[PDB]
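S.K.: Sharing a structure with you now.
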Amino acid sequence: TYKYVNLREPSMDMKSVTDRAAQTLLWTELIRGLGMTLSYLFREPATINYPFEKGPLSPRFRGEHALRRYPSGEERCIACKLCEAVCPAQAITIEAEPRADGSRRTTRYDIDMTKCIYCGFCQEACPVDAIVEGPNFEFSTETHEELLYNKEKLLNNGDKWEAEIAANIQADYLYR
Amino acid sequence: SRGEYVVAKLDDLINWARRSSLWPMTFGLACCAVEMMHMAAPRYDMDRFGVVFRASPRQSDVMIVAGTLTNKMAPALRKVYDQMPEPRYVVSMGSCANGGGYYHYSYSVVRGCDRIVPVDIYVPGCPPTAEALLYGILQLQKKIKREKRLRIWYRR
Amino acid sequence: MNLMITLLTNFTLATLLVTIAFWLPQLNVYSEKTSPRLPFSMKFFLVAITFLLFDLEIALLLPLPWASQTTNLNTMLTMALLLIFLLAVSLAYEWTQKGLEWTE
Amino acid sequence: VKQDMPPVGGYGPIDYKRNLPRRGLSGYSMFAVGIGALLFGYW
Amino acid sequence: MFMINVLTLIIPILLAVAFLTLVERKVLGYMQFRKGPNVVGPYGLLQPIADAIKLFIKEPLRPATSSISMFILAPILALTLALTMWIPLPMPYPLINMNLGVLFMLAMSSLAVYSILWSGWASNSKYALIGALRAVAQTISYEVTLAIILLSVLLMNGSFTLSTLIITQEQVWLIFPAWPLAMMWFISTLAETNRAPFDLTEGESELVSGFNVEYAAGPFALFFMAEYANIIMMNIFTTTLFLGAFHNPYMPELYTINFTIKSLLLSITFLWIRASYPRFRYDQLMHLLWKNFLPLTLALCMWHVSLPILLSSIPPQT
Ligand SMILES: CCCCCCCCCCCCCCCCCC(=O)OC[C@H](COP(=O)([O-])OCC[N+](C)(C)C)OC(=O)CCCCCCCCCCCCCCCCC
Ligand SMILES: CCCCCCCCCCCCCCCCCC(=O)OC[C@H](COP(=O)(O)OCCN)OC(=O)CCCCCCCCCCCCCCCCC
Ligand SMILES: CCCCCCCCCCCCCCCCCC(=O)OC[C@H](COP(=O)(O)OCCN)OC(=O)CCCCCCCCCCCCCCCCC
Ligand SMILES: CCCCCCCCCCCCCCCCCC(=O)OC[C@H](COP(=O)(O)OCCN)OC(=O)CCCCCCCCCCCCCCCCC
Ligand SMILES: CCCCCCCCCCC1=C(C)C(=O)C(OC)=C(OC)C1=O
Ligand code: SF4
Ligand code: SF4
Ligand code: SF4
């Protein structure tokens, strides 16, 4: 249940001593290393052609956040504040009131994406699949406050990415 | 006229040269170092864009702040930024360099490196993937591509 | 003459490259930046002196490809092997008296 | 039930040991080749 | 007409130095299982141009220098010596055909350490000076075996004339009578140009290459292109010295094609050595010189003195 790395006493007969002296004087392991580097010279490189090729992702991927809707246009978030209760960065800020038809909806739904640790606890805490974390990772900004998302940005991300978000949830909801 | 055309083509030449030969200095402070090292790994391979891996910090173009900036390494960050030759850019990688991140309310963390240095590109994630950082590097290249240094020089 | 022309041309191209590389990046007006004995080692000096003395021994060895053409070949071969042997004896005394240590 | 499982016979054998396959000539042979190249050059 | 010949030497030297950076980044890319540059030009062919234009409009870094005069003269001397090492190279005809081209190149390469020494003086940091003195001690250490290997090989040539060294190798490559000299030559020229695994300035084992150190240094492109001129030149010199090609005096282009292909293979061998090994520690390459290469070099020097005498193969002076 254990093995000894580097507990080999070398053979001291003239054959092995001449082997090690030929290794010293004729640089045999150095030519071995040159041969291994030369072997990688003639391989096809592992380089993908970004942006025209994309790295492989799964339907579980945790990228940009989005607020979703039912298949009626009604937004799924019913202001229950589980996602900011579980948010380990406290990146989520929610206010709420009954809207004009008496429905429990949010007035504020902020996610500071620069506090956010992208761990998907909000999408697993959400009882109505409202907040999800979409597949978008190509959303670098040029200013810090463009990453301080309010509810309108998250609803636009939901409307923007729903055709993909719904298919990824369709692929992964039986594991959840 | 003619001079506007000449300074426009010279802007195009120098912007092409500066964006297509970006040399990054990386503050590999924390976990985002691992993902920049994947952005230099053979799949994504920053070096095929002209973006050499392990450039000298003395002659670097962009400072990639990849990790959590603490209060104890904020003056070293600013010192390395002050030793950079212009034109210098700063890519803030990841949530702790952007805005404090998971350690935003800590006693010992600078809430985003933009309290210390001017930031050009904010790359979001914890960590952002190596593909997302390469997206931010290409957005920095596009930002350099639309610079107008000689056109604004000519119009002043 | 052609050698002097070539040396002047190489010196001129080098000075032109240096003058361009110092004055061409001064075209763009930059933001004027306003923010803000060495220890001796005996081994560093000893490797330089060992270089100098073996380089003088090499200066003795450099006329050998002309010295093989002589008619006094036995004397020439004796003194050639003797200079290379004295270089080797200088190296052996540098070895055994701890002279090649920590810059071995 | 449909779960991520190994197949019926299990997976195949996975190598995990060092394979540095001992290529090259012998120590006598490499010095012989070098001395032969020297003697051909000298001749 | 002669100035045309000087310029058609020295301008393609600079163009070859430009595209050696591309060849380095590509060949080191594919050996590292990735690609080199392929975006900036078609197959990366605009990468040296873009990189040179970037380096020539970049600000002088932060600091000031201890001595203005040596801060100016070190890149001037580095580029001047890097360009004058090419003028006696017989390819098949040297630009300056001199009787002592070998000794000229040995002397002008011995003069090249003053650029390193004066750039160490011209920096303000007392640690960059220590790094420069380590580099100077390395280069002057391997110049010893350069001189003695070069002498031992020229004992089969008959003279210091570089053009005679084509005539010497008309029957066989000179690597066949002198392959231990050839391999210690190749590794010693590798250790001359501060090239990996001997690059201690550009790597670790260094007291000053340590991230947010001082030391105003020169414009990097000039020392860099002097260094790559030296790399291509020492590989062409090794090609002339040990792997000399067939020369038809009515068709010089055959020799030029042949030595060019061999020099490209030998420069790619430099690229392939730097992408294969870790670095020496400083005392380990001092060990490799003083305790390993120099005893074999003195022994083979005695051998190559006494060997044309015992074989009756003393080469002619003319
Ligand atoms: C010109 C074209 C290219 C030429 C060939 C070069 C291409 C190959 C390059 C490979 C990569 C090398 C990268 C750098 C490597 C540096 C490290 C290294 O190799 O160190 C050298 C090593 C150093 O030794 P070491 O460190 O490996 O071993 C330990 C050393 N001690 C014990 C001191 C601690 O070996 C040498 O110095 C060998 C030098 C050349 C040997 C020439 C052998 C001549 C044999 C003659 C016959 C001998 C038989 C007995 C006598 C018979 C008489 C009839
Ligand atoms: C009076 C008229 C003249 C006025 C003054 C101008 C003088 C001439 C200056 C050069 C030409 C000016 C224009 C420069 C390029 C502008 C266009 C451009 O940038 O096109 C982009 C295109 C690549 O597209 P990209 O945005 O990189 O996309 C990523 C890949 N999908 O880019 C490309 O396809 C490649 C662009 C190459 C740029 C030109 C080639 C390099 C410059 C050579 C000359 C200068 C240097 C000489 C040698 C110096 C030492 C080596
Ligand atoms: C000894 C041999 C030495 C060899 C040295 C050179 C090696 C590389 C050789 C060149 C390889 C191909 C280069 C192609 C560069 C890109 C050309 C091009 O079309 O760039 C596109 C860019 C923008 O074009 P745009 O009008 O926007 O097009 C939109 C289309 N609807 O258009 C532009 O930017 C404008 C056109 C720029 C063209 C630049 C071409 C390369 C110039 C390199 C300088 C050296 C030239 C050779 C000198 C030595 C030989 C004589
Ligand atoms: C910091 C200062 C600036 C630094 C940068 C610039 C200086 C450093 C780089 C330049 C070094 C110059 C070296 C030139 C001489 C080399 C030796 C030499 O002349 O060898 C060539 C040749 C010998 O061969 P051979 O065939 O025997 O003679 C011709 C007879 N058939 O002999 C000939 O062909 C003889 C030709 C006539 C004599 C030529 C004399 C040249 C001018 C005087 C020396 C100039 C350099 C002074 C400064 C050196 C560095 C400080
Ligand atoms: C006149 C032509 C000038 C071309 C300049 C190219 C400079 C080399 C670019 C890449 C590079 C390499 C290969 C390199 O080896 C190196 O040293 C470690 C760099 O500095 C950090 C580099 O940036
Ligand atoms: S992914 Fe995690 S850190 Fe980000 S908003 Fe959701 S719960 Fe908060
Ligand atoms: S957990 Fe879901 S429904 Fe509840 S407040 Fe958050 S997003 Fe809205
Ligand atoms: S933003 Fe997150 S993953 Fe990235 S370095 Fe910071 S703690 Fe690590």
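Each chain of the structure tokens is named A, B, ... in the order shown, its residues numbered from 1; ligands are numbered from 1 in display order.
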Excluding residue 108 (chain B) and residues on its chain fewer than 6 positions from it, collect all residues at most 8 Å away from it, counting only C-alpha atoms, and give them as a ChimeraX atom specification.
M.R.: /B:70-72
S.K.: Could you turn the residues from that selection into a file that holds C-alpha atoms, as an mmCIF file, in the first residue's frame?
M.R.:
data_model
loop_
_atom_site.group_PDB
_atom_site.id
_atom_site.type_symbol
_atom_site.label_atom_id
_atom_site.label_comp_id
_atom_site.auth_asym_id
_atom_site.auth_seq_id
_atom_site.Cartn_x
_atom_site.Cartn_y
_atom_site.Cartn_z
ATOM 1 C CA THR B 70 -6.668 43.654 -0.975
ATOM 2 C CA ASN B 71 -5.884 46.764 1.025
ATOM 3 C CA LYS B 72 -2.364 45.481 1.586
#
S.K.: Can you pull out every residue within 10 Å of residue 41 (chain D), counting only C-alpha atoms, but drop anything in the same chain fewer than 4 positions away, and send it as a list in words?
M.R.: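 Near residue 41 (chain D), the qualifying residues are residues 35, 36 and 37 of chain D; 171, 172, 173, 174, 175, 176, 177, 178 and 179 of chain E.
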S.K.: Would you write out those residues with N, CA and C atoms, as a short mmCIF file (atom, residue, chain, number, x, y, z; two decimals), in the first residue's frame?
M.R.:
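In the end it all went to part-v6.cif:
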data_model
loop_
_atom_site.label_atom_id
_atom_site.label_comp_id
_atom_site.auth_asym_id
_atom_site.auth_seq_id
_atom_site.Cartn_x
_atom_site.Cartn_y
_atom_site.Cartn_z
N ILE D 35 33.11 7.02 -32.30
CA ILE D 35 34.50 6.80 -32.69
C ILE D 35 34.60 6.43 -34.17
N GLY D 36 33.61 5.74 -34.72
CA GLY D 36 33.60 5.47 -36.15
C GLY D 36 33.42 6.73 -36.98
N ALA D 37 32.57 7.65 -36.52
CA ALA D 37 32.41 8.93 -37.21
C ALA D 37 33.68 9.76 -37.12
N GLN E 171 35.28 17.52 -49.11
CA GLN E 171 35.13 16.08 -49.13
C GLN E 171 34.18 15.57 -48.06
N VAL E 172 34.10 16.25 -46.92
CA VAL E 172 33.24 15.81 -45.83
C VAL E 172 32.87 17.04 -45.02
N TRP E 173 31.71 16.99 -44.36
CA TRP E 173 31.40 17.96 -43.33
C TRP E 173 32.43 17.88 -42.23
N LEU E 174 32.76 19.03 -41.65
CA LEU E 174 33.79 19.03 -40.64
C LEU E 174 33.25 18.62 -39.28
N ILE E 175 31.95 18.35 -39.18
CA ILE E 175 31.39 17.74 -37.99
C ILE E 175 31.82 16.29 -37.87
N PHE E 176 32.20 15.63 -38.97
CA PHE E 176 32.65 14.24 -38.85
C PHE E 176 34.01 14.10 -38.16
N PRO E 177 35.06 14.86 -38.49
CA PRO E 177 36.27 14.75 -37.65
C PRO E 177 36.18 15.48 -36.32
N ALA E 178 35.19 16.34 -36.11
CA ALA E 178 35.20 17.17 -34.91
C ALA E 178 33.80 17.33 -34.33
N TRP E 179 33.03 16.24 -34.24
CA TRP E 179 31.73 16.38 -33.57
C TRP E 179 31.74 16.70 -32.07
#
S.K.: 7 Å from ligand 6 is the threshold here; counting only C-alpha atoms and all ligand atoms, which polymer residues fall inside it? Answer as a PyMOL selection string.
M.R.: chain A and resi 83-84+86-92+111+113+115-123+133
S.K.: Please produce a file of the residues just selected, as a CSV table (one decimal), in the first residue's frame, where the atoms kept are N, CA, C and O atoms.
M.R.:
chain,number,residue,atom,x,y,z
A,83,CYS,N,-34.1,34.6,-3.1
A,83,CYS,CA,-32.9,34.7,-3.8
A,83,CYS,C,-31.9,35.7,-3.2
A,83,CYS,O,-30.7,35.5,-3.2
A,84,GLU,N,-32.4,36.8,-2.6
A,84,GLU,CA,-31.5,37.7,-1.9
A,84,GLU,C,-31.3,37.2,-0.4
A,84,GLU,O,-30.4,37.6,0.2
A,86,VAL,N,-30.6,34.0,0.1
A,86,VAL,CA,-29.6,33.0,-0.1
A,86,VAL,C,-28.4,33.5,-0.8
A,86,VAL,O,-27.3,32.8,-0.6
A,87,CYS,N,-28.4,34.7,-1.4
A,87,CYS,CA,-27.3,35.2,-2.2
A,87,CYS,C,-26.1,35.4,-1.3
A,87,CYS,O,-26.1,36.3,-0.4
A,88,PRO,N,-25.0,34.7,-1.5
A,88,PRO,CA,-23.9,34.7,-0.6
A,88,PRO,C,-23.1,35.9,-0.7
A,88,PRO,O,-22.3,36.2,0.2
A,89,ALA,N,-23.2,36.7,-1.8
A,89,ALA,CA,-22.6,38.0,-2.0
A,89,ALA,C,-23.4,39.2,-1.6
A,89,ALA,O,-22.9,40.3,-1.5
A,90,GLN,N,-24.7,38.9,-1.3
A,90,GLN,CA,-25.7,39.9,-1.2
A,90,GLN,C,-25.7,40.9,-2.4
A,90,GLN,O,-25.9,42.1,-2.3
A,91,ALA,N,-25.6,40.2,-3.5
A,91,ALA,CA,-25.7,41.0,-4.8
A,91,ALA,C,-27.1,41.4,-5.2
A,91,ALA,O,-27.2,42.3,-6.0
A,92,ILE,N,-28.1,40.7,-4.6
A,92,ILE,CA,-29.5,40.9,-5.0
A,92,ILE,C,-30.1,41.9,-4.0
A,92,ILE,O,-30.0,41.7,-2.8
A,111,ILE,N,-29.4,43.4,-9.3
A,111,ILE,CA,-28.3,42.4,-9.1
A,111,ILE,C,-27.0,43.1,-9.4
A,111,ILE,O,-26.8,43.4,-10.6
A,113,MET,N,-23.7,42.7,-10.5
A,113,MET,CA,-22.9,41.6,-11.1
A,113,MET,C,-21.5,41.7,-10.7
A,113,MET,O,-20.7,40.7,-11.1
A,115,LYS,N,-20.6,42.2,-7.4
A,115,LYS,CA,-20.6,41.5,-6.2
A,115,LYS,C,-20.9,40.0,-6.5
A,115,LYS,O,-20.3,39.2,-5.8
A,116,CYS,N,-21.6,39.7,-7.5
A,116,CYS,CA,-22.1,38.3,-7.8
A,116,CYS,C,-21.0,37.3,-8.0
A,116,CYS,O,-20.0,37.6,-8.7
A,117,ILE,N,-21.2,36.2,-7.4
A,117,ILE,CA,-20.2,35.1,-7.5
A,117,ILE,C,-20.6,34.0,-8.4
A,117,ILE,O,-19.9,33.0,-8.5
A,118,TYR,N,-21.7,34.2,-9.1
A,118,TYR,CA,-22.1,33.3,-10.2
A,118,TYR,C,-22.3,31.9,-9.8
A,118,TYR,O,-21.9,31.0,-10.5
A,119,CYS,N,-22.8,31.6,-8.6
A,119,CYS,CA,-22.9,30.3,-8.1
A,119,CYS,C,-24.2,29.7,-8.3
A,119,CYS,O,-24.4,28.5,-7.9
A,120,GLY,N,-25.2,30.4,-8.8
A,120,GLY,CA,-26.5,29.8,-9.1
A,120,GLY,C,-27.3,29.5,-7.9
A,120,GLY,O,-28.2,28.6,-8.1
A,121,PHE,N,-27.1,30.1,-6.8
A,121,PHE,CA,-28.0,29.7,-5.7
A,121,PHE,C,-29.3,30.4,-5.8
A,121,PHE,O,-30.3,29.9,-5.2
A,122,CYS,N,-29.4,31.5,-6.5
A,122,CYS,CA,-30.6,32.2,-6.7
A,122,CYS,C,-31.5,31.4,-7.6
A,122,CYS,O,-32.7,31.4,-7.4
A,123,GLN,N,-31.0,30.8,-8.7
A,123,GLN,CA,-31.8,30.0,-9.6
A,123,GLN,C,-32.3,28.7,-8.9
A,123,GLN,O,-33.3,28.1,-9.4
A,133,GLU,N,-29.8,31.8,-14.4
A,133,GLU,CA,-28.5,32.3,-14.8
A,133,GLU,C,-28.2,31.7,-16.2
A,133,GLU,O,-28.1,30.5,-16.3
S.K.: Identify every residue of chain B that has at least one atom within 7 Å of any atom of chain A, counting only C-alpha atoms, and report the result as number ranges by chain.
M.R.: B: 42-45, 95, 98-102, 104, 120-126, 132, 135-136
S.K.: Pull out every residue of chain A sitting within 8 Å of chain E, counting only C-alpha atoms, and send them as a list in words.
M.R.: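 Therefore, the residues near the partner are residues 33, 34, 37, 38, 39, 40, 41, 42, 43, 44, 45, 46 and 47 of chain A.
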S.K.: Please, could you write that set of residues out with N, CA, C and O atoms as a PDB file, in the first residue's frame?
M.R.:
ATOM      1  N   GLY A  33      14.258  14.448 -24.922  1.00  0.00           N
ATOM      2  CA  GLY A  33      13.389  15.598 -24.713  1.00  0.00           C
ATOM      3  C   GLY A  33      13.174  16.415 -25.975  1.00  0.00           C
ATOM      4  O   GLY A  33      12.067  16.913 -26.225  1.00  0.00           O
ATOM      5  N   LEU A  34      14.224  16.551 -26.794  1.00  0.00           N
ATOM      6  CA  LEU A  34      14.070  17.194 -28.095  1.00  0.00           C
ATOM      7  C   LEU A  34      13.121  16.414 -28.988  1.00  0.00           C
ATOM      8  O   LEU A  34      12.339  17.006 -29.735  1.00  0.00           O
ATOM      9  N   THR A  37       9.498  17.159 -27.822  1.00  0.00           N
ATOM     10  CA  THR A  37       9.069  18.475 -28.288  1.00  0.00           C
ATOM     11  C   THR A  37       8.832  18.473 -29.799  1.00  0.00           C
ATOM     12  O   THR A  37       7.870  19.082 -30.293  1.00  0.00           O
ATOM     13  N   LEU A  38       9.677  17.753 -30.541  1.00  0.00           N
ATOM     14  CA  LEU A  38       9.492  17.568 -31.974  1.00  0.00           C
ATOM     15  C   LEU A  38       8.242  16.763 -32.284  1.00  0.00           C
ATOM     16  O   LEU A  38       7.613  16.974 -33.326  1.00  0.00           O
ATOM     17  N   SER A  39       7.882  15.831 -31.406  1.00  0.00           N
ATOM     18  CA  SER A  39       6.641  15.098 -31.579  1.00  0.00           C
ATOM     19  C   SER A  39       5.449  16.021 -31.444  1.00  0.00           C
ATOM     20  O   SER A  39       4.476  15.884 -32.187  1.00  0.00           O
ATOM     21  N   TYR A  40       5.501  16.977 -30.508  1.00  0.00           N
ATOM     22  CA  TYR A  40       4.381  17.912 -30.496  1.00  0.00           C
ATOM     23  C   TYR A  40       4.422  18.936 -31.614  1.00  0.00           C
ATOM     24  O   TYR A  40       3.392  19.562 -31.864  1.00  0.00           O
ATOM     25  N   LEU A  41       5.572  19.150 -32.261  1.00  0.00           N
ATOM     26  CA  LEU A  41       5.606  20.040 -33.421  1.00  0.00           C
ATOM     27  C   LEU A  41       4.694  19.548 -34.542  1.00  0.00           C
ATOM     28  O   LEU A  41       4.049  20.350 -35.225  1.00  0.00           O
ATOM     29  N   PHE A  42       4.587  18.235 -34.717  1.00  0.00           N
ATOM     30  CA  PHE A  42       3.831  17.669 -35.821  1.00  0.00           C
ATOM     31  C   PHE A  42       2.467  17.142 -35.408  1.00  0.00           C
ATOM     32  O   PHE A  42       1.921  16.269 -36.083  1.00  0.00           O
ATOM     33  N   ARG A  43       1.896  17.661 -34.333  1.00  0.00           N
ATOM     34  CA  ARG A  43       0.513  17.374 -34.000  1.00  0.00           C
ATOM     35  C   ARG A  43      -0.360  18.524 -34.463  1.00  0.00           C
ATOM     36  O   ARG A  43       0.110  19.643 -34.666  1.00  0.00           O
ATOM     37  N   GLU A  44      -1.628  18.232 -34.655  1.00  0.00           N
ATOM     38  CA  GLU A  44      -2.584  19.300 -34.857  1.00  0.00           C
ATOM     39  C   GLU A  44      -2.777  20.021 -33.533  1.00  0.00           C
ATOM     40  O   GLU A  44      -3.036  19.369 -32.517  1.00  0.00           O
ATOM     41  N   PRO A  45      -2.628  21.342 -33.493  1.00  0.00           N
ATOM     42  CA  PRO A  45      -2.778  22.067 -32.230  1.00  0.00           C
ATOM     43  C   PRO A  45      -4.216  22.059 -31.741  1.00  0.00           C
ATOM     44  O   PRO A  45      -5.167  21.905 -32.507  1.00  0.00           O
ATOM     45  N   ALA A  46      -4.366  22.243 -30.435  1.00  0.00           N
ATOM     46  CA  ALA A  46      -5.671  22.225 -29.794  1.00  0.00           C
ATOM     47  C   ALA A  46      -6.383  23.563 -29.854  1.00  0.00           C
ATOM     48  O   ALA A  46      -7.319  23.780 -29.085  1.00  0.00           O
ATOM     49  N   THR A  47      -5.979  24.456 -30.747  1.00  0.00           N
ATOM     50  CA  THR A  47      -6.440  25.833 -30.723  1.00  0.00           C
ATOM     51  C   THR A  47      -7.740  25.966 -31.494  1.00  0.00           C
ATOM     52  O   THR A  47      -7.809  25.608 -32.672  1.00  0.00           O
TER      53      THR A  47
END
S.K.: Pick out the chain C residues within 12 Å of chain B. Count only C-alpha atoms. Give them as a PDB file with N, CA and C atoms, in the first residue's frame.
M.R.:
ATOM      1  N   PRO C  25       9.367  58.090 -30.289  1.00  0.00           N
ATOM      2  CA  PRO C  25       8.331  58.076 -29.250  1.00  0.00           C
ATOM      3  C   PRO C  25       8.210  59.360 -28.449  1.00  0.00           C
ATOM      4  N   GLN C  26       8.925  60.413 -28.811  1.00  0.00           N
ATOM      5  CA  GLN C  26       8.750  61.712 -28.188  1.00  0.00           C
ATOM      6  C   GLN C  26       7.803  62.588 -29.001  1.00  0.00           C
ATOM      7  N   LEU C  27       7.322  62.088 -30.143  1.00  0.00           N
ATOM      8  CA  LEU C  27       6.352  62.831 -30.939  1.00  0.00           C
ATOM      9  C   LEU C  27       5.030  62.968 -30.204  1.00  0.00           C
ATOM     10  N   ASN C  28       4.446  61.849 -29.788  1.00  0.00           N
ATOM     11  CA  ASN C  28       3.232  61.887 -28.983  1.00  0.00           C
ATOM     12  C   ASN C  28       3.527  62.495 -27.622  1.00  0.00           C
ATOM     13  N   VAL C  29       2.931  63.662 -27.374  1.00  0.00           N
ATOM     14  CA  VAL C  29       3.075  64.324 -26.090  1.00  0.00           C
ATOM     15  C   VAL C  29       2.368  63.473 -25.052  1.00  0.00           C
ATOM     16  N   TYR C  30       3.102  63.035 -24.046  1.00  0.00           N
ATOM     17  CA  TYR C  30       2.518  62.186 -23.027  1.00  0.00           C
ATOM     18  C   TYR C  30       2.199  63.002 -21.787  1.00  0.00           C
ATOM     19  N   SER C  31       1.360  62.421 -20.937  1.00  0.00           N
ATOM     20  CA  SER C  31       1.127  62.984 -19.618  1.00  0.00           C
ATOM     21  C   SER C  31       2.427  62.952 -18.832  1.00  0.00           C
ATOM     22  N   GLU C  32       2.915  64.135 -18.475  1.00  0.00           N
ATOM     23  CA  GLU C  32       4.174  64.273 -17.759  1.00  0.00           C
ATOM     24  C   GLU C  32       4.051  63.652 -16.373  1.00  0.00           C
ATOM     25  N   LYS C  33       4.846  62.616 -16.123  1.00  0.00           N
ATOM     26  CA  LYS C  33       4.732  61.832 -14.902  1.00  0.00           C
ATOM     27  C   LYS C  33       5.300  62.601 -13.721  1.00  0.00           C
ATOM     28  N   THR C  34       4.477  62.780 -12.688  1.00  0.00           N
ATOM     29  CA  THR C  34       4.853  63.570 -11.527  1.00  0.00           C
ATOM     30  C   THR C  34       4.924  62.775 -10.233  1.00  0.00           C
ATOM     31  N   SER C  35       4.386  61.560 -10.200  1.00  0.00           N
ATOM     32  CA  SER C  35       4.420  60.748  -8.995  1.00  0.00           C
ATOM     33  C   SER C  35       5.783  60.069  -8.845  1.00  0.00           C
ATOM     34  N   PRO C  36       6.206  59.765  -7.601  1.00  0.00           N
ATOM     35  CA  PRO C  36       7.440  58.995  -7.401  1.00  0.00           C
ATOM     36  C   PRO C  36       7.319  57.530  -7.824  1.00  0.00           C
TER      37      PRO C  36
END
S.K.: With only C-alpha atoms as the basis for distance, which of E:151, E:181, E:261, E:225 is at the shortest distance from chain D?
M.R.: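 Result for the nearest residue to chain D: E:181.
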S.K.: Please extract the residues at most 7 Å from ligand 7, counting only C-alpha atoms and all ligand atoms, and provide them as a PyMOL selection string, using the chain letters and residue numbers of this document.
M.R.: chain A and resi 67+76-84+122+125-131
